[PDB]
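Worksheet: one structure, shown below.
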Amino acid sequence: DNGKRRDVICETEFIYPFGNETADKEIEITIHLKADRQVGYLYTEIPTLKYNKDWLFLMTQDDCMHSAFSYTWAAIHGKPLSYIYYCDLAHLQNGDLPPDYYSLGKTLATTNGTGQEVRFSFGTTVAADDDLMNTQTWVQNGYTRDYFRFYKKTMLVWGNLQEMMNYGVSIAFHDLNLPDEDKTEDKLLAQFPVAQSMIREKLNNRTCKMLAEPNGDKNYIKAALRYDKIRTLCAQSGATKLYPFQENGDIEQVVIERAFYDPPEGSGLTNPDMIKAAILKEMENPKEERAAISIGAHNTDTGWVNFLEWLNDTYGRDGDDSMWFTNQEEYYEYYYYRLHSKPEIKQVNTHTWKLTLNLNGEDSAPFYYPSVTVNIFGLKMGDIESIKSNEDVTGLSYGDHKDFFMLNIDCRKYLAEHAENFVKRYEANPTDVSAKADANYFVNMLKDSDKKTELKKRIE
Ligand code: NI
Numbered sequence: 040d041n042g043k044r045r046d047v048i049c050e051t052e053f054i055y056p057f058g059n060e061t062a063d064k065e066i067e068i069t070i071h072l073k074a075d076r077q078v079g080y081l082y083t084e085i086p087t088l089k090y091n092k093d094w095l096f097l098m099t100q101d102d103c104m105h106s107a108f109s110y111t112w113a114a115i116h117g118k119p120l121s122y123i124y125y126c127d128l129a130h131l132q133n134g135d136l137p138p139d140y141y142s143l144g145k146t147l148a149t150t151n152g153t154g155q156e157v158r159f160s161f162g163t164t165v166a167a168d169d170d171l172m173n174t175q176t177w178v179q180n181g182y183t184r185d186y187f188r189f190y191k192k193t194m195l196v197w198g199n200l201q202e203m204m205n206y207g208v209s210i211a212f213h214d215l216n217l218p219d220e221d222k223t224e225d226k227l228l229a230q231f232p233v234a235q236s237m238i239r240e241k242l243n244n245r246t247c248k249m250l251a252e253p254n255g256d257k258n259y260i261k262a263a264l265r266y267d268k269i270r271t272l273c274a275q276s277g278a279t280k281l282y283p284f285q286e287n288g289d290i291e292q293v294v295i296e297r298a299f300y301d302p303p304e305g306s307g308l309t310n311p312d313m314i315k316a317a318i319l320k321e322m323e324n325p326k327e328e329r330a331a332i333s334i335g336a337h338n339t340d341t342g343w344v345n346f347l348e349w350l351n352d353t354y355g356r357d358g359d360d361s362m363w364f365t366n367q368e369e370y371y372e373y374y375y376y377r378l379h380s381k382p383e384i385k386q387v388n389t390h391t392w393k394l395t396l397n398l399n400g401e402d403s404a405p406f407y408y409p410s411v412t413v414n415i416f417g418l419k420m421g422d423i424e425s426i427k428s429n430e431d432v433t434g435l436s437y438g439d440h441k442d443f444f445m446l447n448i449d450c451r452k453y454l455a456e457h458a459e460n461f462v463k464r465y466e467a468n469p470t471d472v473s474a475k476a477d478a479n480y481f482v483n484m485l486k487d488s489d490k491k492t493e494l495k496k497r498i499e
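Its first residue numbered 40, the sequence shown is counted upward by one per residue in the UniProt record's numbering.
As structure tokens, then:
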């Protein structure tokens with residue numbers, strides 16, 4: 040019965056198996072050359088930014104906000120949007136949409152430089168030790184007497200966050216659920232693993248490794264530094280300003296600077312206006328001198344939706360494609376790989392070369408973004424007869440970039456199974472255009488294989 044009110048716990052039907060992700064990857068890519076294209080010497084590097092991007096935009100949305108799902112995630116991923124209301128996942132699943140709903144008509148993305156879409160990525164903080172994440176959602180198709188079921192909740196419900204995990208959204212600690220008088224360094228330290236246990240229980244055993252400092256409270260940074268699961272942190276002050284082409288040290292347990300760009304009072308400007316102005320100023324510098332645009336957000340809204348579209352249209356897929364728009368966790372892992380991994384390429388015979396590198400995350404937990412870019416200097420796509428890869432490589436795209444050759448290598452252990460889960464969702468909702476688009480997006484992440492061919496056929 041479509042018309043009957045239901046009050047449900049929002050749930051998604053699969054979550055990537057973060058707890059099962061392998062910590063250590065061994066990449067072996069065999070490049071067989073055409074007969075009259077024998078090259079003499081090749082050498083390799085991991086570039087400063089993934090996909091050979093010129094500059095970095097980091098986004099972390101604080102306070103575990105409903106709008107992180109209803110506005111930020113929905114706008115990026117081509118989902119129904121509202122101007123004043125706040126959908127939960129169960130509304131989208133059931134087609135119970137607010138009375139002003141609309142869609143942008145596209146996802147918001149860069150490319151990877153080798154012909155594939157990379158949707159914008161961001162992180163949200165989590166109030167995992169707060170029972171308000173267990174709030175129910177009122178679903179009632181066709182009910183128009185009121186729209187109270189679409190009002191802003193005080194925070195994300197778990198199901199919304201669980202679904203966001205399937206799209207690579209990251210997580211961070213923020214406030215912990217203790218009485219204010221108990222927010223001492225020692226008591227916050229004891230409460231971190233309590234919140235972590237709830238994160239792991241709800242997010243298919245993903246371990247949170249980031250702290251976004253709350254309200255300038257340095258007790259959170261001091262406590263977090265004694266909790267070794269936290270590897271990366273952000274704050275507005277007492278931090279390090281990130282210059283991606285200059286930063287040379289370890290950033291393990293380093294507080295990265297992140298700004299909210301609040302507008303002057305009574306100025307009528309918005310946070311997106313301020314960030315846009317900061318971006319324009321920063322782009323006037325050569326890329327090597329640019330700071331990262333490292334932003335925090337609180338509530339996101341229509342102005343933020345339009346700003347994300349502006350980024351897409353200006354520096355993303357529909358503009359100059361120069362930006363890497365990601366979350367701080369993915370960046371942290373990539374920087375770690377660039378510091379510690381050493382790609383090597385060896386000639387096996389006159390026409391065959393073998394590229395190897397290891398991706399090994401830190402001892403605390405499996406890294407969750409085990410993908411890199413490798414550049415090969417001296418090689419062009421036109422030289423290549425075939426490329427093959429070993430089992431640890433699950434996504435592989437490649438092509439020319441400037442005067443060299445680039446490979447985007449994804450080693451997420453369960454990526455093919457994840458794509459198939461999106462295919463199955465489309466098959467169960469074949470009239471949902473967005474479900475089909477998501478299926479195509481995830482299947483296109485896979486390297487060429489029988490499984491990729493099977494899944495493409497299922498989504499023709
Ligand atoms: Ni906050």
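From the three backbone atoms N, C-alpha and C, an ideal C-beta is built for every residue, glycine too.
- DSSP bridge partner residues for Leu347 (one or two, in chain order): Bridge partners of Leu347: none, in fact.
- When burial is assigned at 16 or more other CB atoms within 10 Å of the CB, is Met98 buried or exposed? buried
- From this set, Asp46, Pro137, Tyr190 and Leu120, which residue's C-alpha is nearest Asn173's C-alpha? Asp46
- Item | Alpha carbon of residue 500 to alpha carbon of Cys450, nearest angstrom | The question about residue 500 has no answer here: the residues shown for the chain are numbered 40 through 499.
- Item | contact_flag[the region 335-353, the region 229-245] where n(CB pairs < 8 Å) is 3 or more | no
- Message: Just to confirm the assignment, what range does the beta strand (DSSP E) spanning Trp392 have?
- Response: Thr391 to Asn399
- Item | Endpoints, alpha helix (DSSP H) assigned at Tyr453 | From DSSP, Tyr453 is part of no alpha helix (DSSP H); its letter is neither H nor E.
- Message: Using DSSP's beta-bridge definition, name the partner residues of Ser209.
- Response: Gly162
- What residue does the alpha helix (DSSP H) around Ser473 start on, and which one ends it? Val472 to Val482
- Query: Out of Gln386, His457 and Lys495, which has the shortest C-alpha to C-alpha gap to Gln77?
  - Reply: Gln386
- Taking all protein chains shown into account, decide if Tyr80 is buried (16 or more other Cβ within 10 angstroms of its Cβ) or exposed. exposed
- contact_flag[the region 363-370, the region 120-129] where n(CB pairs < 8 Å) is 3 or more: no
- Message: Is any non-hydrogen atom of the ligand NI found closer than 8 Å to the C-beta of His213, if you look at the structure I gave you?
- Response: yes
- Thinking C-beta only, is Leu215 closer than 9 Å to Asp168? yes
- Message: Counting C-beta neighbours from all protein chains within 10 Å, is the total for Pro405 16 or more, i.e. buried, or is it exposed?
- Response: buried
- Task: State buried or exposed for residue 503, treating a residue as buried only when at least 16 other CB atoms are found within 10 Å of its CB.
- Result: Nothing can be reported for residue 503, as the shown portion of the chain is limited to 40 through 499.
- Item | Beta-carbon proximity list for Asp477, same chain, < 6 Å, skipping 5 on both sides | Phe461
- Message: For the pair the region 309-318 and the region 343-352, tell me if three or more CB-CB distances fall below 8 Å.
- Response: yes
- Message: What does DSSP give as the partner residue(s) for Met362 in the beta ladder?
- Response: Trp94
- Could you give the residue range of the beta strand (DSSP E) that holds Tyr82? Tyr82 to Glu84
- Task: Could you have a look at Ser428 and say whether DSSP puts it in helix, strand or coil?
- Result: strand
- Task: Counting only runs of 4+ residues fully inside the region 222-248, write out the alpha helix (DSSP H) ranges in chain order.
- Result: 224-241
- Just to confirm, are residue 26 and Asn397 a CB contact at a threshold of 9 Å? A query on residue 26 cannot be resolved here, the shown segment of the chain reaching from 40 to 499 and no further.
- Query: Do you know offhand how far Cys103's Cα is from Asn429's?
  - Reply: 39 Å
- Taking just the CA atoms, how far does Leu120 sit from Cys247? 28 Å
- Within 8 Å: the Cβ of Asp169 and any heavy atom of the ligand NI? no
- Using the beta-carbon of each residue, find all residues closer than 5 Å to any heavy atom of the ligand NI and list them in chain order. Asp101, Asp102 and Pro253
- Query: Taking contact to mean at least 3 C-beta pairs separated by less than 8 Å, is the region 254-262 in contact with the region 235-244?
  - Reply: no
- Task: Check the C-beta distance from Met194 over to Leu171 and give it rounded, since I have them as a contact under 8 Å.
- Result: 5 Å
- Can you have a look at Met420 and say buried or exposed, based on whether 16 or more other CB atoms are within 10 angstroms of its CB? exposed
- Message: What would DSSP say about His71, mapped onto helix, strand or coil?
- Response: strand
- Query: If you draw a straight line from the alpha carbon of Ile48 to that of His457, how long is it in whole angstroms?
  - Reply: 23 Å
- Cβ-based neighbour list, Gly417, same chain, cut-off 6 Å, excluding 5 preceding and 5 following: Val78, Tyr80 and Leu81
- Query: Using DSSP with H/G/I as helix, E/B as strand and the rest coil, what is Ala458?
  - Reply: helix
- Query: So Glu424 and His105 are in contact, right, with Cβ under 8 Å, and what is the actual spacing, rounded?
  - Reply: 52 Å between Cβ atoms; not a contact.
- Message: Restricting to runs no shorter than 3 residues, where is the beta strand (DSSP E) found entirely within the region 262-299?
- Response: 271-274 and 293-296
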